[PDB]
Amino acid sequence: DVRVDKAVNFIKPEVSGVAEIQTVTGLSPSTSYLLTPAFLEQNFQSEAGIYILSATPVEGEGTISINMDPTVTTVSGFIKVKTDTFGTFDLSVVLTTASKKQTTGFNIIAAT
């Protein structure tokens, strides 16, 4: 089968254009996961500016892009990452404008 093992929100980095590390824990050791973006009922115009998030694995493939530009809107990409022996993996997450404090996230999918 394929299932969503965990649904997590993206972090909200403090400084525009400066990525921060997001660590996901508690997963199965040395296991391949696929991450896909998702978000629910968000107001991306609740304050000035454009919500633009990029996420990449420190060790893996792919990029998630969430760009809510009203002219050119993208919610796409997927990440392949394998946990270490502890059941953890790290992403690098950046917001182009850090005052966009909407909540977005991803699904963590495994075959089991």
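In this text, residue numbers run from 1 along the sequence as written.
Colleague: Can you tell me whether residue 51 has a C-alpha B-factor in the lowest, middle or highest third compared with the other modelled residues of the same chain?
Modeller: For residue 51, the deposited C-alpha B-factor lands in the lowest third.
Colleague: Give the position of residue 111 by CA B-factor within its chain, expressed as the lowest, middle or highest third.
Modeller: As the PDB entry reports it, the C-alpha B-factor of residue 111 lands in the highest third of its chain.
Colleague: Which third of the chain does residue 39 land in by C-alpha B-factor: lowest, middle or highest?
Modeller: For residue 39, the deposited C-alpha B-factor lands in the lowest third.
Colleague: Taking the chain's C-alpha temperature factors as the reference, tell me which third residue 67 falls into: lowest, middle or highest.
Modeller: Within its chain, residue 67 is a middle-third residue by C-alpha B-factor, going by the deposited values.
Colleague: Relative to the other modelled residues of the same chain, rank the CA B-factor of residue 11 and answer lowest, middle or highest third.
Modeller: Residue 11: CA B-factor falls in the lowest third of its chain.
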